[PDB]
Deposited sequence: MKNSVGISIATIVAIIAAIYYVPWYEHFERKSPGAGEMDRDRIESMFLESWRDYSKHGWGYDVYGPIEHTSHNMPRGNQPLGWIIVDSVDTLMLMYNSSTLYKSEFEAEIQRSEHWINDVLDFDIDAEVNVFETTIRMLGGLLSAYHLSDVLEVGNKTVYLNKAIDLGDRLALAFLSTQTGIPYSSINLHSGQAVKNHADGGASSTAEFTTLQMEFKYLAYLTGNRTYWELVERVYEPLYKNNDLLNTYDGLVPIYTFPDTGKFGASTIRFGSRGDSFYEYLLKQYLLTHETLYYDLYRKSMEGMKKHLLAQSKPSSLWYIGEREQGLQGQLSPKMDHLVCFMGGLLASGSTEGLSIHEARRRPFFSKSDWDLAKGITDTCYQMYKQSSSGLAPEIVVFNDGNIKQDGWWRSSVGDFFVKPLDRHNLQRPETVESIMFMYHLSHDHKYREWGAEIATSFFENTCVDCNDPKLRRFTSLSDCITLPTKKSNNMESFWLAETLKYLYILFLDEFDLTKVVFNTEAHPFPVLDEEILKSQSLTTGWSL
């Protein structure tokens, strides 16, 4: 029953939310096991890490809840008042530009959007907060000549600070996963500066590295901000690389700027050419890594983070349309669609073949060359290294499952989603038999049974994992009218004509 699994997912969310609100209200970091909490800034001022990241999930559930609508409404109010009255981003502390942009700036923007379209709360509260934070973060683009920002910035002074390690290089995905957020902010404010600054990073990236010709659109994970040149590093769709590809497509879906689709196409073909492979014995499609350039060997290691590719590929091929209607359009990519189904299956298998039914942080697919103390999956398609056995309540697989279900309408995806939701329920719960004290937490080990719990609840458990599971069981969700930022914060597809009138156009080319 769709509405039933809906009640269940809403219940799981509320159990986590009730516990968080009771013990760690207003804190950035929260541990459900010991009910402990703290803020990230050295000064102990809150960033709204969990509250801001969760507001839009509260709004989505409020909009369709039949059993807890009233509770969700009250929590939105609680969150909104706190965001307006307590949260203050004028903090003398250095924060990571990427994380703060995708979680806080993005969450405030989507809260504004849903508040607007769902007519709940005061959208102005979120927009005003977004403008102020956006201005603090935007200062990061004034540090180098290339326009590529250093990893962190002080929210009060505006002073930028380079990455501590990696020879001072910035992570490629970190400055190429800020575009949806700043462009939507430009759209809402009419302030072109946000748009101009965030689009600026691509030219040096592509030009200075001969990215298309030399790398076939595949990016090493580190880029020096002052030169715009890649640092000797791994090429992977996992951490520090993943969302660079994500936002190439999502910008096109959001603003209709074709250049980014063209760039996206180039990277996808490059990915199929250099990183794609199949495991044994199930022939599951997976995306590997190239630690030593494209000329080196292909590593079968894959971050759970890569699993978002199922949804991305499906979204890019259909542009949000049901396959039924998409299959007849000129822009439909049969290749991308088939691979989307393939990668989503593979990622589902990472749960299905797991002893706990939950996929670990990282897996190593079987390429017939796994010839020590590694754990083998049920079928043997992949292994799990002793140090990668943790599960941080990540959303990437349920993310892709949601897209596949709504675009294909194949009920098999809702079945998969249900199994994973149940595995999270049974294997990450604390006080599992008491709905009054029950809550959910991360795992230090999701391979051993019973699973070993870690005292921490990721904000994305609420912002993404439960959100995508919830949307999966919504009977109607038009993917042609929304584009999710990388933290599952939905933005509306922008009107081309309005963008034109605001002088928001592609300021570079290739």
- Task: Pop the missing stretches of the deposited sequence into a list, counting residues from 1 and keeping sequence order.
- Result: 1-34, 406
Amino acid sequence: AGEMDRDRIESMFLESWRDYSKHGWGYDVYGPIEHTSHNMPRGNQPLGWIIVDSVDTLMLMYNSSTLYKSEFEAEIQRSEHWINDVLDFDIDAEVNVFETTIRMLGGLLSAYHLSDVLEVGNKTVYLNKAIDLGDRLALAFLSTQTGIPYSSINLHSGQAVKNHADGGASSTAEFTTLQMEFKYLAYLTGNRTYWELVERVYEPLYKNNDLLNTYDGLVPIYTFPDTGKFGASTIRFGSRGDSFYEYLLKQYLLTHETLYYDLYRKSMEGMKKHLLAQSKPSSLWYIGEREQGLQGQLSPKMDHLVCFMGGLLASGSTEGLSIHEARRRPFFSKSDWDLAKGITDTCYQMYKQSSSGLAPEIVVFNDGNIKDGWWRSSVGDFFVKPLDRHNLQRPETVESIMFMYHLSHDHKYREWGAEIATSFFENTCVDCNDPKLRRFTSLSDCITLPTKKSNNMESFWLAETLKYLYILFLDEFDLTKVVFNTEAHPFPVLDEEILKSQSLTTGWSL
From here on, numbers count along this sequence of modelled residues.
- Note on the structure: Mean Cα B-factor check, 101-109 vs 352-360, entry values; winner is 352-360
- Task: Determine, for stretches 498-506 and 13-21, which one has the higher mean CA B-factor as deposited.
- Result: 498-506
- Would you mind checking which of 181, 203, 372, 303 has the top Cα temperature factor in the PDB entry? 372
- Message: Looking at 173, 153, 277, 259, which one carries the largest C-alpha B-factor according to the PDB entry?
- Response: 277
- Message: Looking at the temperature factor on the CA atom of residue 394, which third of the chain's modelled residues does it land in?
- Response: lowest
- Query: Considering only modelled residues of the same chain, in which third does the CA B-factor of residue 89 rank: lowest, middle or highest?
  - Reply: middle
- Query: Sorting the chain's CA B-factors, does residue 34 end up in the lowest, middle or highest third?
  - Reply: middle
- Position of residue 282 among the chain's modelled residues by C-alpha B-factor, lowest, middle or highest third: highest
- Message: Could you place residue 312 in the lowest, middle or highest third of its chain by Cα temperature factor, using the values in the record?
- Response: lowest
